[PDB]
Amino acid sequence: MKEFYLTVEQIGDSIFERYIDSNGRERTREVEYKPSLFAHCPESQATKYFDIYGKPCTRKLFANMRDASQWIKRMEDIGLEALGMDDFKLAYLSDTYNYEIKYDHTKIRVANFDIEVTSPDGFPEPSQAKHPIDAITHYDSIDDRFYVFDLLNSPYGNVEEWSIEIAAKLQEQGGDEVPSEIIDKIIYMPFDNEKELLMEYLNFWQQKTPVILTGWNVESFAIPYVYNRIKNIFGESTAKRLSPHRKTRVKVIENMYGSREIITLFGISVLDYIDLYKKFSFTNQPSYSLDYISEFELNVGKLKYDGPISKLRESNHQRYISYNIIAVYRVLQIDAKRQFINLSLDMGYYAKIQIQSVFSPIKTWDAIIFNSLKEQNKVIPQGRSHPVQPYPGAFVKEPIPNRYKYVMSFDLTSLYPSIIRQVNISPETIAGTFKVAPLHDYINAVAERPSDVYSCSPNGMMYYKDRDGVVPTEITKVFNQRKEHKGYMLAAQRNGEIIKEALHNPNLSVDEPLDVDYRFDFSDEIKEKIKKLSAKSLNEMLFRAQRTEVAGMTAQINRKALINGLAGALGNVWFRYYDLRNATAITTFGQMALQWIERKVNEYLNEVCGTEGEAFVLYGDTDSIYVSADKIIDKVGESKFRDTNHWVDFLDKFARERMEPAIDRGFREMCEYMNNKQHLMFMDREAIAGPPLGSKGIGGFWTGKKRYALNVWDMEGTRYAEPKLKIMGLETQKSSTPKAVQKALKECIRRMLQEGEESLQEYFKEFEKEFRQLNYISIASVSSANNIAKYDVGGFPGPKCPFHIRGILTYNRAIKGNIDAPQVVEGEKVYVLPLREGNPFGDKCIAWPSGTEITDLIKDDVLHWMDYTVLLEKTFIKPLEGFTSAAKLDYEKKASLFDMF
DNA sequence: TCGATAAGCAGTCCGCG
DNA sequence: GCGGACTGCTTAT
Ligand SMILES: Cc1cn([C@H]2C[C@H](O)[C@@H](COP(=O)(O)OP(=O)(O)OP(=O)(O)O)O2)c(=O)[nH]c1=O
Ligand SMILES: [Ca+2]
Ligand SMILES: [Ca+2]
Ligand SMILES: [Ca+2]
Ligand SMILES: [Ca+2]
Ligand SMILES: [Ca+2]
């Protein structure tokens with residue numbers, strides 16, 4: 001097999017590399033790598049190395065990496081550019097793996113672990129590590145085993161061995177319900193003392209050294225705790241055995257308001273799953289506790305136990321260990337669904353970076369571009385310092401707030417990367433500038449044509465047309481990957497809808513789910529078989545289809561994020577290729593493209609309708625337009641349609657056969673006007689929206705920019721079994737909105753769009769009547785909590801204290817003198833509830849850690865004093881008033897002359 | 001929260017005769 | 001009461 005790296009590090013003048021050799025074995029080597037860097041040289045000096053601008057360079061080969069680094073410093077002292085890849089391990093990988101890396105995941109040791117630490121005096125600080133580690137569960141992907149290290153004797157209590165038999169039993173049998181599918185994969189090791197546990201853990205680690213190390217909060221808690229605890233008991237040298245090269249570093253992570261420490265383990269790639277989830281999931285969650293996320297992702301119930309976690313080991317060691325094991329498994333289950341480890345491996349090996357560098361789009365692109373240029377013997381420029389400067393972004397149209405009955409939307413494919421490719425925007429393709437007119441002059445095609453030679457953006461930039469820049473070349477490769485995965489995602493989605501339709505008529509039989517590839521549209525044969533399947537088999541196929549869609553989503557949306565990240569990186573001062581001329585060339589072109597096509601679409605539809613100056617485009621944001629289709633429907637007449645699907649088909653046909661060719665013509669003209677390299681503005685129909693045929697539903701409404709709701713029948717070619725609400729920006733979509741209120745507001749919107757005013761009024765009256773029965777957590781607002789200390793003046797709110805911070809201060813006074821009470825953590829999220837006048841907490845609100853029940857000794861008081869009236873007005877009535885006033889609708893029935901009867 | 005801009009709403013402070 | 005200036009937070013793209 002072809003060899004591939006596992007990890008790479010620079011330690012002084014050595015590269016330490018772990019890799020898989022040609023026989024599939026894991027090996028380690030130390031290489032005295034001699035790096036090369038570059039200086040510009042005279043034209044008269046023959047060379048094969050040229051910088052990205054075609055200027056000749058001489059290669060300087062250094063005796064060692066320290067010499068190269070020192071040379072860079074002296075070049076800065078002299079005032080001359082030191083060219084080349086200054087991150088020597090990236091150059092090492094580029095030299096050692098000079099081919100497309102083919103990796104085998106089955107050879108990569110992926111470790112998932114979780115520790116338990118009993119602490120009687122609050123949160124066990126990892127930097128102090130003053131309490132015994134009393135459980136470790138460590139799952140190894142190569143062995144496919146859960147290794148459980150269980151401390152039986154502690155200063156906080158001596159316990160009996162954990163029982164695998166009780167663990168397996170149902171909770172209704174007094175068991176822990178450790179899933180049957182992992183029971184046979186548990187290797188249980190009890191220990192008489194903590195020293196023996198840790199020494200054995202280190203020996204085990206030495207034998208089965210993680211390449212990828214993950215878990216939940218492992219980077220911020222488990223790893224620093226283990227390192228520091230071992231350091232405290234045994235000394236530094238023993239603690240450093242967590243690194244295969246025996247090198248570690250305390251790394252200070254700084255943010256806007258403070259800093260924290262993590263432990264860098266040289267020769268390991270830590271991908272904390274909480275951070276993978278935050279980067280790759282495109283959710284914003286009210287809580288990031290593993291129980292919360294597990295419930296959300298997997299629909300598994302919260303791990304239930306009695307009493308505080310600090311007393312769980314002594315009271316119920318059996319459950320304590322079982323829950324530690326289950327916690328490790330839950331992360332594996334989330335990964336089986338979301339496939340973020342797979343994604344990280346894919347991207348990391350593609351870029352030829354340390355796998356953990358996938359968190360950095362700048363590092364990822366630096367390596368991709370470096371490797372690409374190196375293939376041509378080209379030499380990358382030195383990174384430079386730049387002052388942070390604001391720059392303009394997208395255009396967003398101001399909508400007229402209203403109901404909008406029939407709506408068809410259109411959206412440009414991968415806009416910013418398509419602009420880069422079309423215009424040919426790259427550091428080395430800049431050709432010069434032209435004299436800019438106001439943007440509206442380009443939008444209306446009245447400005448002078450920018451160039452007859454070069455490809456242009458309306459920000460004034462011109463670009464070469466003779467050859468693709470490296471940025472366009474490399475962005476295209478990843479775009480093509482993204483496109484393939486999006487195809488699989490949408491097929492799985494369409495396949496899901498076929499199964500949903502079939503589920504209306506399940507067969508009374510005993511059968512099996514069909515063995516099918518959900519990434520491809522179901523054949524006629526598969527469709528016929530599906531229509532004969534039981535509900536049991538259909539539901540299993542639906543689950544599998546949806547899992548396939550999720551896998552496709554992960555792969556596509558994050559490749560989209562990477563390519564959009566390249567466009568963004570051009571506006572980040574830390575990027576080697578930072579250039580506001582290029583960043584603004586993209587964003588300004590986008591503003592033109594949107595408003596240009598708004599004009600073209602209005603012109604086309606006014607022509608087909610025989611009108612003049614009417615606005616068919618009601619809204620647009622960045623690269624999308626929303627077109628009022630009322631007049632199109634009315635031209636045939638609603639009476640002519642058999643059912644909802646009939647007019648959806650009609651609009652689908654109209655969009656594809658009439659509107660898209662008109663849009664294409666408009667963009668081809670724009671390409672000519674800007675003299676671009678290649679026409680790549682591809683705007684396709686996205687949504688078809690409207691009320692159900694014959695209903696009083698309003699179809700859709702806008703309240704303002706980035707705030708709208710549509711009743712969608714078809715999305716990008718997926719024809720839904722049931723209409724789907726596309727709600728953007730409204731409170732139903734905000735993690736800050738109480739859970740039960742999101743739900744209520746969504747139903748109000750559903751009724752508005754699908755059923756009409758009277759239905760909305762019926763629901764509102766009921767919610768208002770019953771909402772005080774809702775669980776307090778379900779009606780609590782959510783907020784991130786920053787700068788608690790800034791606004792804390794002797795335990796009371798300082799000037800300008802935010803509402804949620806005031807709530808935290810209230811909580812802090814209420815729990816004062818309790819080392820056991822859950823502390824609000826700076827930077828994390830809180831639930832917030834308003835309090836009625838004259839409450840014993842002495843303020844108008846209280847807040848506590850999100851994803852948790854408020855502590856028992858104040859819970860009863862919070863419940864008694866919760867201000868339901870304020871809660872309803874602020875979170876429910878105010879947003880609903882916004883929706884209905886925009887839609888020109890009343891949520892309460894207005895008095896009429898009929899009331900006389 | 002270590003790892004592009006536009007723009008919405010909640011809330012504080014305080015003016016607005 | 002509402003709005004503008006400002007902070008804080010959370011979206012859409
Ligand atoms: C979502 C997103 C978009 N954008 C910019 C770049 C996008 O090209 C542009 C439009 O966003 P989208 O329409 O969401 O995405 P897209 O056009 O890139 O891809 P597609 O429609 O094919 O799924 O907005 C960002 O800069 N960062 C982001 O995170
Ligand atoms: Ca735990
Ligand atoms: Ca788009
Ligand atoms: Ca599309
Ligand atoms: Ca059937
Ligand atoms: Ca879009």
Side-chain angles (χ1 to χ4, degrees), chain A residues 219-220 251-262 271-272 274-276 278-280 282-286 288 356-365 388 390-398 411-412 414-416 560-561 563-575 578 580 582-584 586-588 590-591 594 619-624 702-708 726-737 781-787 790-791 797-807 825-830 832 834 844-845 873-875 878-879 882:
Chain A
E219 194 180 67
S220 60
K251 188 186 179 176
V252 53
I253 302 304
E254 295 183 356
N255 64 58
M256 201 147 49
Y257 309 114
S259 71
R260 57 189 185 90
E261 298 182 342
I262 68 170
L271 303 181
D272 195 333
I274 193 170
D275 295 321
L276 292 179
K278 286 173 185 179
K279 184 181 165 64
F280 292 138
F282 296 89
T283 64
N284 194 6
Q285 300 283 15
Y288 289 89
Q356 66 266 33
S357 286
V358 301
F359 286 111
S360 171
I362 286 165
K363 183 60 79 168
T364 302
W365 281 113
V388 173
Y391 69 97
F395 171 81
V396 186
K397 183 184 171 69
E398 187 78 65
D411 165 80
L412 285 146
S414 183
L415 180 67
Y416 281 15
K560 166 185 167 170
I563 57 179
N564 286 346
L566 182 52
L570 297 167
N572 183 298
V573 299
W574 299 103
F575 190 43
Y578 172 81
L580 252 34
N582 289 343
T584 64
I586 299 160
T587 65
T588 310
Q591 289 214 14
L594 180 56
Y619 183 67
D621 182 342
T622 307
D623 74 328
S624 69
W702 266 257
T703 78
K705 294 185 182 180
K706 297 179 192 288
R707 286 183 62 85
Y708 63 95
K726 176 182 182 56
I727 303 169
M728 309 308 302
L730 309 186
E731 283 72 10
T732 55
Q733 309 312 114
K734 296 181 69 162
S735 66
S736 43
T737 303
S781 297
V782 173
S783 189
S784 297
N786 301 302
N787 287 279
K790 168 181 272 191
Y791 292 103
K800 287 150 193 159
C801 182
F803 192 82
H804 59 290
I805 303 302
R806 178 183 292 272
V825 178
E826 168 73 18
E828 293 193 33
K829 294 185 185 190
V830 293
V832 186
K844 64 179 176 174
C845 63
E873 286 289 347
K874 279 157 47 161
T875 68
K878 201 170 178 176

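Per chain, numbering begins at 1; letters A, B, ... match sequence-line order. Computation of the quantities below employed the complete heavy-atom set of this structure, encompassing side-chain atoms and omitting hydrogens, waters and symmetry-equivalent molecules.
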**Q.** N/O (side chain, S784(A)) to phosphate O (OP1/OP2, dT10(C)) under 4.0 Å
**A.** yes
Q: Would you mind reading off the distance between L415(A) atom CG and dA4(B) atom P, rounded to a whole angstrom?
A: 18 Å
Q: Rounded off to whole Å, could you give me the CG-to-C1' distance for the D621(A) and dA4(B) pair?
A: 14 Å
Q: Please state the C1' separation for the pair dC2(B) and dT7(C) - nearest whole angstrom.
A: 23 Å
Q: Scan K397(A) against the nucleic acid and name what it touches under 4.0 Å (heavy atoms): base, sugar-phosphate only, or nothing.
A: nothing
Q | Nearest-angstrom distance from the residue atom NZ of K874(A) to P of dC9(C) | A | 15 Å
Q) Under 4.0 angstrom, heavy atoms only, what part of the nucleic acid is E254(A) near: base, sugar-phosphate, or nothing? A) sugar-phosphate
Q: Tell me what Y391(A) touches on the nucleic acid: a base, only sugar-phosphate, or nothing, going by heavy atoms under 4.0 Å.
A: sugar-phosphate
Q. Does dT11(C) have OP1 or OP2 sitting under 4.0 Å from an N or O in the side chain of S735(A)?
A. yes
Q) Does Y791(A) make a side-chain N or O approach to OP1 or OP2 of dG8(C) shorter than 4.0 Å? A) yes
Q.
I want to confirm an ordering. Mapping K734(A) and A785(A) to their closest nucleotides on DNA chain B, which one lands closer to the 5' end?
A. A785(A)
(Q) Any N or O donor-acceptor pair under 3.5 Å from the base of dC2(B) to the side chain of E219(A)? (A) yes
Q) What nucleic acid atoms does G704(A) come within less than 4.0 Å of, heavy atoms only: base, sugar-phosphate, or nothing? A) nothing
Q: Quick one: label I262(A) by what it contacts on the DNA or RNA (base, sugar-phosphate, nothing), any heavy atom closer than 4.0 Å.
A: base
Q.
Under 4.0 Å from OP1 or OP2 of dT11(C): is there any side-chain N or O of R707(A) that close?
A. no
Q | Basic-acidic side-chain contact under 4.0 Å: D621(A), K705(A) | A | no
Q. Are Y619(A) and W702(A) an aromatic pair by the rule of ring centers under 6.0 Å?
A. yes
Q.
Heavy-atom nearest nucleotide on DNA chain C for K800(A) versus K829(A): which residue maps closer to 5'?
A. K800(A)
Q) Counting just side-chain N and O atoms, does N255(A) come under 4.0 Å of either OP1 or OP2 of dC2(B)? A) yes
Q: Answer with base, sugar-phosphate or nothing: what part of the nucleic acid does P361(A) contact at a heavy-atom distance below 4.0 Å?
A: sugar-phosphate
Q) Looking at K878(A), does any N or O in its side chain come under 4.0 Å of the phosphate oxygens OP1/OP2 on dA10(B)? A) yes
Q. Contact class for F575(A) vs. all strands (heavy atom < 4.0 Å): base, sugar-phosphate, or nothing?
A. nothing
Q. Counting N and O atoms only, with roles assigned by atom type, does the side chain of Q591(A) sit under 3.5 Å from a partner on the main chain of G393(A), one being a donor and the other an acceptor?
A. yes
Q: Kindly say if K705(A) contacts the phosphate of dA7(B), meaning a side-chain N or O under 4.0 Å from OP1 or OP2.
A: yes
Q) Between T588(A) and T584(A), is there a donor-acceptor pair closer than 3.5 Å when you use the side chain of the first and the backbone of the second? A) yes
(Q) Please give me the minimum heavy-atom distance between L580(A) and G571(A), naming the atom from each residue. (A) CD1-CA, 4.0 Å
Q: Quick one: look at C1'-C2'-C3'-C4' in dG8(C) and give me north (positive) or south (negative).
A: south
Q: Determine the contact category for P879(A): base if any of its heavy atoms lies under 4.0 Å from a base atom, sugar-phosphate if only primed atoms, P, OP1 or OP2 are that close, otherwise nothing.
A: nothing
Q. Would you say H804(A) reaches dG11(B)'s phosphate, i.e. side-chain N/O to OP1/OP2 under 4.0 Å?
A. no
Q: Round to a whole Å and report the spacing from NZ of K251(A) to P of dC2(B).
A: 11 Å
Q | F803(A)-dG11(B) aromatic stacking (under 5.5 Å, under 30°) | A | no
(Q) On the side chain of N786(A), is there an atom forming a donor-acceptor pair with the base of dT1(B) - under 3.5 Å, no angle test? (A) yes
Q: With north meaning a positive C1'-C2'-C3'-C4' (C3'-endo side) and south a negative one (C2'-endo side), sort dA4(B) into one of the two.
A: north
Q: Report which part of the nucleic acid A567(A) touches: base, sugar-phosphate, or nothing (heavy-atom distance under 4.0 Å, all strands).
A: nothing
Q) Has the side chain of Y391(A) got a donor or acceptor atom that lies under 3.5 Å from a matching backbone atom of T587(A)? A) no
Q: Using heavy atoms to find the nearest nucleotide of DNA chain B for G827(A) and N572(A) separately, return the residue whose nucleotide is more 5′.
A: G827(A)
Q.
One thing to verify: whether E826(A) and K790(A) come together as a salt bridge, which I'm taking to mean a side-chain N less than 4.0 angstrom from a carboxylate O.
A. no
Q.
Using a 4.0 Å heavy-atom cut-off, does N564(A) contact any base of the nucleic acid, only the sugar-phosphate backbone, or nothing at all?
A. nothing
Q: Find which nucleotide of DNA chain C each of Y257(A) and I727(A) is nearest to by heavy atoms, and output the residue with the more 5' nucleotide.
A: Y257(A)
